[PDB]
Amino acid sequence: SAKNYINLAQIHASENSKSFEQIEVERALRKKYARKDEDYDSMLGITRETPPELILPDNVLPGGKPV
Amino acid sequence: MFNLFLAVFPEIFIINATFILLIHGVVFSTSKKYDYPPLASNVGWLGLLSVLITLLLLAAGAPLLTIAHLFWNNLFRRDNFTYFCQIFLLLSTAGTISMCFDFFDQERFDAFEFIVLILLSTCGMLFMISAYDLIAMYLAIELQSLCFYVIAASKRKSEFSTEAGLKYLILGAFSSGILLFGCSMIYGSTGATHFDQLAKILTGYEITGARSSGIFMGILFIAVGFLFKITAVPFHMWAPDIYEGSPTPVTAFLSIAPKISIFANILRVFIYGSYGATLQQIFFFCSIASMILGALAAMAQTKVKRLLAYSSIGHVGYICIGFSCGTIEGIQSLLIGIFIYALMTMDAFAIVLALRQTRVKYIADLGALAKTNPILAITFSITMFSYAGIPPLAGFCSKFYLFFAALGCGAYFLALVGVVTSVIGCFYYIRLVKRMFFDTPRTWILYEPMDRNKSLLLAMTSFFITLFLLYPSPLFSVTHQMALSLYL
Amino acid sequence: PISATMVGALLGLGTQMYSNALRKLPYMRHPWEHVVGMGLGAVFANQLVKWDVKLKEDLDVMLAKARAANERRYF
Amino acid sequence: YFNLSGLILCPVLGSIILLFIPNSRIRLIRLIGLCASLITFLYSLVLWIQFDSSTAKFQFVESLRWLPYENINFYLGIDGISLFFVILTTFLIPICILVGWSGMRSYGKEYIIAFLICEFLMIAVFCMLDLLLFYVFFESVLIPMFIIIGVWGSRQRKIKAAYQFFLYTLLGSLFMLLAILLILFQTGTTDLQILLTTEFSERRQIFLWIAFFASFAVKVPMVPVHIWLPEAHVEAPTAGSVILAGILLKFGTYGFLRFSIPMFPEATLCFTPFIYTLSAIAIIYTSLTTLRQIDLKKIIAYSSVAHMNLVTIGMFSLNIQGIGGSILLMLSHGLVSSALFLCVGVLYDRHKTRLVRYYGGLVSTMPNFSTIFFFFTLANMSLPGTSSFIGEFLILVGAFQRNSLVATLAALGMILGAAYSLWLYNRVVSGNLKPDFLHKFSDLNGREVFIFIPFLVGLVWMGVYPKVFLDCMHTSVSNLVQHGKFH
Amino acid sequence: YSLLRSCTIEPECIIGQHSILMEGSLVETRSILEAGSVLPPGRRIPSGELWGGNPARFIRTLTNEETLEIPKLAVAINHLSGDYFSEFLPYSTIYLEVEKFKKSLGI
Ligand SMILES: CCCCCCCCCCC(CCCCCCCCCC)(CO[C@H]1O[C@@H](CO)[C@H](O[C@@H]2O[C@@H](CO)[C@H](O)[C@@H](O)[C@@H]2O)[C@@H](O)[C@@H]1O)CO[C@H]1O[C@@H](CO)[C@H](O[C@@H]2O[C@@H](CO)[C@H](O)[C@@H](O)[C@@H]2O)[C@@H](O)[C@H]1O
Ligand SMILES: CCCCCCCCCCCCCCCCCC(=O)O[C@@H](COC(=O)CCCCCCCCCCCCCCC)COP(=O)(O)OCC[N+](C)(C)C
Ligand SMILES: CCCCCCCCCCCCCCCCCCCC(=O)O[C@H](COC(=O)CCCCCCCCCCCCCC)COP(=O)(O)OCCN
């Protein structure tokens, strides 16, 4: 627990310190990619991947789910 | 030259706007600059604006739209009945397309072809009401038929949507073939595809004096095809499955927009092309069967969409009561019933779409809904009572005047069967009521709040339903004028 | 007496607050659209009354024409 | 200048205003509901003063067009018969709000909204002269009372009571509606005055009268269908149990006195013996059934059935004595049954038993309630000087003007009515106490001791001087009995 | 001061102050937890039983009248929260103060 909360605190540090201009982009990206549609995306030939800013580090996952 | 098209602007404009929307969507759905934007809500709002503009064009052309009536005679004949029927169908289409906007972004269904197909099927329906010939009748039927065959199977992930779309396709193709075979012999035995000259060669001699085996059986096949089109018992082979499998906004557009146009079409055919009084019998038994079987079958259903399907079948029987009694009051009751049923169906499907945000499937999921959202519970209970025919609401007036029309023609058996089917019909409606007010299940399903357009439409319809009996004169006067305009 | 505006405006305000409550919002969330709804209800009620008058007179004309046409069979 | 329309609009305004305010401020909701009910009551009393009892034509009429042809329209209006029903239904509603005043925080604003909607709708029923729209409002009370019974009712059988109540008012109601449509198509209008002056076919009146009676034999607890009242009345809230036996049981009798007696006079004569037999057997059977009951609610629900059945004996005996006594006993029952059911409600809201054997010998503990209950069950006896006697004896006199057998059975009804009424009184208020399951219990507080004071004063005013009530109706009753009786 | 963590609370389960619920605790339906109660991980509270003390300790049974008051308490707290909610409107005007402060120095 002591070791895990150390890497848990990094996301809170990188989140509470975000600037307002970054927060606008973050909220826009979060709302834009809230839900997906395989049908229309496949029809257009494109795949909508989550942006890198919207990826939590694997060390705070329930035990590691990179996929 | 150009002024001869003043009678087709409410349709030319909608076609041009449909083309513009299709072009805009296809151009800007594949642009790499904007990264393939989800422009389904944008196209939907533009389509709603286009529908409003063509409604404004249609409403302000009442003195117009009857000019150059000789030039357009072979193609279509629009009059006061057609004017009001179109002005109501277009409003119903606008409401349906307006209450489905959240469906596009809540479950991420950004296919703008849905909206353009709604618009183009609406154009086909506008053709159907004005249609005054067998050829135009069939072509306008086929426009909406193909649009709905495409739309029903739009959601290509669920086995229900695809199978329901295929069943709708097969049933509609068979019905269209039956209707077209019926029209072929009526053309063969008399010529005169035009309705004006079809109503003049058949009025000369009654079917009782001498028997023509061609005209009678062609009329019978046309009636059978039309009853397939409106899914009237016993010609209800797959309608509940169609309504259950098809996406919720599609079913919302169905059973309101198609039925109005098809009923206007049946009115035009019945009044003119039927003088042997042989369609009274085919409407009589089929409407009775629809009443009885809808009432006896909707009580055994546990899902919501199936219940709405069987309620629609029952109300189709109630409306078809008006065909059997051919008088001014019969047609008036029929049209009033269609109007009230359309409003109540819009309200009920707004309710269903509201709870679709959390994937409501059965009737037990809406348990203890009076606690989480009491006001929506009250609205749903009021709409359900309006379906039931309880006096202090709209829907009771339609059933009332339908019964009055049935008793006017001396069809005393129609009144009795209507009463008994209403008695059983109210029972399972109140059964829906008990699970939604009184008994509280252990597990509660929480529904996220609604959006403004659905809420506004729902509030307007709810205030219309409750307060209709206070001031019902305008609807009655519209309907009396429409019934008489079939002849003068 | 009610002049078709004391009822239209009231229905507009009622439907505004009705739609406002269905979204689980405070009743007077946006009073500007409350005033808009009052005005819209008043306008719609006045238009409904005028259309009812026009429609009734046109219906009376249609009934007169139909009765005159039907009378011709006897004479 | 206070018209009939303002009385109808007052509950509507009270309900619309009540929806505007939220539910957190509960005190405002109850205060505004009570204020609206009381001002409606005062308006109803004001309408009484300015009532011409000399003329036979109807009082204030407000016509609002319904169909575009003015074929049928809201034709409001009161007469000698409809005035007292309006006063009674305006008087009972504030009592309904006041009984559940303590539990208002548990019920909410839906409770007062439902009760004010009921007041509006019930007022609209009694004071209108359009036969068809009277039918619309006649079973329009289905929705609000269904809500009242179901939402706040029994423990788990509340669902069945709602269904039996809703089912009994469907087949007969629509079978009446068929006759409504035949009348509309035959004559052309549903205006009451026009329909009175119409020559109906001799064979036609039988069918129409049967259809009318079928939908009124369910509201009035006749022999075939009267089992709903006991079960759906025990499985009902106390304020919903005081208007169910206070107003709804009057719809059938009032409907008989409005759209059955005048329009079908010779049909009434031809069907007279059948109604006599039904009412007599109902009285006897209900009297014998009610004396072996253990449910604290049905014991007087059957008394209500007996009184309502006795009403029809003189209501259908065409006579000035019979009909006058009919309405007098109707008002008397509307007061006494309401008082009895309020007593049962206060008894139940303390102990929560719904039995009769549990209570016993509580006179030493609640003397005020003992006296009030004694006076109410004393009025139920039909003592002269109480409300029930004048009306009920007038019914007996009027029926004995026509027939000598059936109403003797009606009088035999009271040879057991008084007996089981005092026996029922002596189950509870007499004997030694049983403090094995009656540990703690109190007497009436300031609210429910004052609530009976209007009942007491109205009861004694009925009993000692009913001339003022008979004064305003003798024109209307005499006009009713002589209609279609030229000679 | 309810120290909830990885718990599971069923309906009508009023919790007292200084409650130190550990992980895996299951407070079954219609239960009362007295102030200061600390239950160890894995311990469950039977329905209709109110517990108190420092450890998870059975105190006494419940009657229907006492049980039915929990929803009334919940709706009363809901009413108070509804009264408090109307105090502040959406989209607070504090940004004016920030803009004035920014204008007072540079931009
Ligand atoms: C939905 C619930 C309804 C609940 C309300 C029920 C309460 C009943 C009052 C309803 C109400 C408005 C309807 C509101 C509907 C709500 C809006 C719905 C949408 C909401 C967004 C109609 O009530 C009256 O309207 C009359 C209209 O003619 C009708 O009289 C019949 O008509 C003939 C036909 O041709 C018949 O042949 C004939 O037998 C009758 O004469 C009747 O309908 C009725 O008398 C109130 O009356 C209002 O309309 C008129 C009347 O004067 C007034 O304006 C008029 O304008 C000029 C005319 O152009 C006049 O020159 C001018 O003098 C006048 O100023 C208003 O000031 C107001 O009084
Ligand atoms: C339609 C009505 C016509 C008029 C009829 C009037 C007849 C009188 C009606 C009331 C009679 C009294 C019955 C009251 C219940 C009897 C038991 C009871 O509860 O008595 C009460 C009250 O006692 C009374 O009787 C007072 C009521 C008034 C009695 C006198 C009535 C006089 C007025 C009526 C007649 C006026 C003249 C006619 C008016 C025109 C308490 O008695 P306590 O002695 O205090 O016992 C104590 C209890 N414990 C031991 C447990 C502690
Ligand atoms: C009948 C008698 C009883 C009824 C009386 C009615 C009284 C008259 C009507 C009064 C209405 C008052 C309403 C107050 C004004 C609100 C205007 C707000 C408009 C608005 O905000 O724009 C959008 C809302 O959508 C919209 O609001 C547009 C969609 C509205 C749907 C209307 C459909 C009309 C066509 C069909 C008519 C019915 C035909 C039935 C046969 C944006 O919304 P947002 O900014 O909040 O956020 C996005 C959520 N998507």
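The residue numbers you see begin from 1 on each chain and track the sequence as written, which may not match the entry, and residues missing coordinates are not shown. Chains and ligands are labelled by the order in which they are written, letters from A for the one and numbers from 1 for the other. Scope of values: limited to the chains shown, which are part of a larger assembly. To obtain the side-chain values, all non-hydrogen atoms of the structure were included, while hydrogens and water were left out.

In the PDB header, cryo-EM is given as the technique by which the entry was determined, and 3.72 Å as its resolution.

Looking at the PDB entry, chain E carries the name Gamma carbonic anhydrase-like 2, mitochondrial, with the source organism given as Arabidopsis thaliana. The title field of the PDB entry reads "Cryo-EM structure of Arabidopsis thaliana complex-I (open conformation)".

As annotated in the PDB entry, chain B carries the name NADH-ubiquinone oxidoreductase chain 2 and comes from Arabidopsis thaliana. UniProt's Function comment on chain B is quoted here verbatim: "Core subunit of the mitochondrial membrane respiratory chain NADH dehydrogenase (Complex I) that is believed to belong to the minimal assembly required for catalysis. Complex I functions in the transfer of electrons from NADH to the respiratory chain. The immediate electron acceptor for the enzyme is believed to be ubiquinone (By similarity)." UniProt positions are given in the numbering used here, feature names are shortened, and annotations may be inferred rather than shown by experiment. Taken from UniProt, the Catalytic activity comment for chain B reads in full: "a ubiquinone + NADH + 5 H(+)(in) = a ubiquinol + NAD(+) + 4 H(+)(out)".

(A) Region of the structure containing the overall build of chain B. Helix and strand content of chain B: 21 helices and zero strands. Expected size for 488 residues packed as a compact globule is a radius of gyration near 23 Å; at 22 Å, chain B falls within 12% of this value. Viewed in the frame of its principal axes, chain B has a C-alpha envelope of about 70 × 60 × 45 Å. Throughout this description, buried means an accessible area under 20% of the type-specific maximum (1.4 Å probe, protein chains only), exposed means over 50%, and partly exposed covers the range between. Going through the 488 residues of chain B one by one, you find that 63% of them count as buried. Expressed as a percentage of contacts within chain B between residues at least 6 apart in sequence, the contacts between residues at least 24 apart total 83%. When the accessible area of chain B is evaluated, it comes to approximately 17800 Å², of which 70% is carbon and sulfur surface. Charge assignment: positive for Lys and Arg, negative for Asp and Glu; neither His nor the chain ends contribute. By convention, the point assigned to a charge is CZ for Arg, NZ for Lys, CD for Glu and CG for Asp. In chain B, 28 positive and 22 negative side-chain charges are present, and the distance between their average locations comes to 5 Å. Numbered from the N terminus, helices here are DSSP runs of H or I no shorter than four residues, and strands are runs of E no shorter than two. It is over C-alpha atoms that the radius of gyration is taken, and the globule rule equals 2.2 Å times the number of residues to the power 0.38. It only takes one pair of heavy atoms within 4.5 Å for two residues to be counted as in contact. The Shrake-Rupley method, run with a 1.4 Å probe sphere, supplies the accessible areas, and residue values consider only the shown protein chains as cover.

(B) Examining the arrangement of the chains more closely. Taking C-alpha atoms only, the smallest gap left between chain A and chain C, which are not in contact, amounts to 20 Å. The two units chain A and chain D are non-contacting; their minimal C-alpha-C-alpha distance is 34 Å.

(C) Highlighting the sheet that holds strand β4 (residues 44–45) of chain E. Residue and element names in this part refer to chain E. Two strands pair if DSSP finds at least two bridges between them. Strand order in the open sheet made by the three strands is β1-β2-β4, with parallel pairing throughout. The strands lining the two open edges of the sheet, one partner per strand, are β1 (8–9) and β4. Alignment of β1 against strand β2 (residues 26–27), held across two bridges, turns out to be parallel. Looking at the pairing, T8 lines up with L26 of β2.

(D) Examining the sheet that holds strand β3 (residues 32–33) of chain E more closely. Residues and elements named next belong to chain E. The three strands lie next to each other as β3-β5-β6, forming an open sheet whose pairing is mixed. Bordering the open sheet on either side are β3 and β6 (57–61), each of which pairs with just one other strand. In the sheet, strand β5 (residues 49–52) pairs with β6 via four bridges, with the strands oriented antiparallel. Opposite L50, over in β6, you have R60 as the bridge partner.

(E) Spotlight on the packing of aromatic side chains. Stacked, tilted and edge-to-face are the three classes applied to pairs of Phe, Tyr and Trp rings, where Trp contributes its six-membered ring and a pair requires centres within 6.5 Å; stacked means planes under 30 degrees apart, edge-to-face means over 60, and tilted covers the rest. Enumeration over the complete set of coordinates arrives at 78 aromatic pairs over all chains. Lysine and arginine charges are scored as sitting over a ring when NZ or CZ, respectively, is within 6 Å of the ring centre and within 35 degrees of the ring normal. Its end group placed over the ring of B:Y318, B:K399 keeps NZ or CZ at 4.4 Å from the ring centre. Note that D:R354 overlies the ring of D:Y348, its terminal NZ or CZ placed 3.9 Å from the centroid.

(F) Highlighting a nonpolar patch on the surface. Without a salt bridge and with relative accessible area above 30%, a residue can belong to a patch; like charges are then joined within 9 Å and nonpolar side chains (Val, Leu, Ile, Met, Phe, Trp, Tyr) within 5 Å. Throughout this description, the term salt bridge denotes a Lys or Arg side-chain nitrogen within 4 Å of a carboxyl oxygen of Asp or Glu. Together, B:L467, B:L470, B:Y471, C:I2, C:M6, C:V7, C:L11, C:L48, C:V49, C:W51, C:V53 and D:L64 make up an exposed nonpolar region whose accessible area comes to about 1000 Å². Among the elements that take part in the nonpolar patch, helix α2 (residues 31–71) of chain C stands out by supplying four residues, more than any other. Structurally, C:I2 is set in the segment before α1 (8–22).

(G) Here's a closer look at the site of ligand 2. All names here are of chain D. Throughout, near means a residue has at least one heavy atom within 4 Å of the molecule or strand. In the vicinity of ligand 2, the contacting residues are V363, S364, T365, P367, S370, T371, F374, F375, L378, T386 and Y425. The term polar contact refers here to a pair of N or O atoms within 3.5 Å; inside protein, the definition further demands a hydrogen-donor-capable atom paired with an acceptor-capable atom, and it admits residues adjacent in sequence only when both atoms are side-chain atoms. With respect to ligand 2, the backbone of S364 contributes an N or O atom lying 3.4 Å from a nitrogen atom. Protein contact buries 37% of the 1100 Å² of open area that ligand 2 shows by itself. Examining the composition of the shell around ligand 2, we find that six residues originate from one element, helix α18 (residues 367–380), more than from any other. Of the residues contributing to the shell around ligand 2, the split by class is six nonpolar, five polar and no charged. All residues other than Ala, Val, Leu, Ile, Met, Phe, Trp, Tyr, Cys, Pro, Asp, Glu, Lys and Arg, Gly among them, are scored as polar; the first ten of these are nonpolar and the last four charged.

(H) Broad picture of the site of ligand 3. Around ligand 3, 18 residues are found, and the nearest of them are B:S98, B:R452, C:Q16, C:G37 and C:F44. Surrounding ligand 3 is a set of residues that belongs to chains B and C. Residue assignment for the shell around ligand 3 shows that the elements contributing at least two residues are α3 (80–98), α15 (328–355) and α20 (452–467) of chain B together with α1 and α2 of chain C. With six residues, the single largest contributor to the shell around ligand 3 is α20(B).

(I) Representation of the interface of chain B and chain D within the structure. Chain B puts 31 residues into the contact, and the matching count from chain D is 30 residues. Once two parts are brought into contact, the accessible area they lose, counted with a 1.4 Å probe and summed over both, makes up the buried area. Between chain B and chain D the total buried area reaches about 3000 Å² when both faces are included, carbon and sulfur atoms providing 85% of it. The largest contributions to the chain B side of the interface with chain D come from B:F400, B:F404 and B:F438, which together make up 21% of the buried area. One can count zero salt bridges joining chain B with chain D. Our count for the chain B to chain D interface comes out at six residue pairs in polar contact. Listed by contribution, the elements that provide at least two residues to the side of chain B that touches chain D are α17 (374–388), α18 (396–408), α19 (412–437) and α21 (473–484) of chain B. The element contributing the most residues to the side of chain B that touches chain D is α19(B), with eleven residues.

(J) Region of interest: the state of the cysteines. The term disulfide is used for any two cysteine sulfur atoms that are within 2.5 Å. If you walk through the whole model with that rule in mind, you get one disulfide over all chains. Here B:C325 connects covalently by a disulfide to B:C409, the sulfurs 2.0 Å from one another. Here the S-S torsion is close to 65°, and the disulfide linking B:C325 with B:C409 is therefore right-handed. One end of the pair, B:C325, is in the loop between α14 (305–324) and α15; the other, B:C409, is in the loop between α18 and α19, and 84 residues separate them in sequence. By relative accessible area, B:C325 is classed as buried at 3%. The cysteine B:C100 is free of any disulfide, with B:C147 supplying the nearest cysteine sulfur at 15 Å. Take D:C127: it sits in no disulfide, and the sulfur closest to it among the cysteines is that of D:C10, at 13 Å. The exposure class of D:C127 is buried, given its relative accessible area of 0%.

(K) The side chain of D:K109, seen in detail. Residues and elements named next belong to chain D. Here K109 shows up in helix α5 (residues 109–126). Buried and unpaired, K109 has no salt bridge, with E110 as the nearest side chain of opposite charge at 10 Å. One polar contact links the side chain of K109 to the main-chain carbonyl oxygen of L18, over a distance of 3.3 Å. One polar contact links the side chain of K109 to the main-chain carbonyl oxygen of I21, over a distance of 2.3 Å. With sequence-adjacent residues up to four places away left out, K109 is seen in contact with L18, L19, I21, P22, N23 and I29.

(L) Quick look at the pattern of salt bridges. Per the counting criterion, the structure on display carries 22 salt bridges over all chains. For A:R30, the salt bridge identified is with A:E26, shortest N-O distance 3.2 Å. With a gap of four residues between them, A:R30 and A:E26 both fall in helix α2 (residues 20–32), about one helical turn apart. For A:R30, a relative accessible area of 42% corresponds to the partly exposed category. A relative accessible area of 2% places A:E26 in the buried class. Through salt bridges with shared partners, a single ionic network connects A:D41, A:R48, B:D35, B:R108 and B:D110.

(M) Inspection of unusual backbone geometry at higher detail. Between B:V233 and B:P234 the backbone carries a cis peptide bond, its omega angle lying at 10°. Considering the arrangement of structural elements, one finds B:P234 in the loop between α9 (213–229) and α10 (239–245). Within the chain, B:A277 stands out as a residue other than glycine whose phi angle is a positive 60°. Position of B:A277 relative to the elements: it lies in the loop between α12 (257–273) and α13 (279–298). Phi angles above zero are rare outside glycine, and E:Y91 is one such case at about 60°. With respect to the helices, strands and loops of the structure, E:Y91 is situated in the loop between α2 (69–85) and α3 (94–103).

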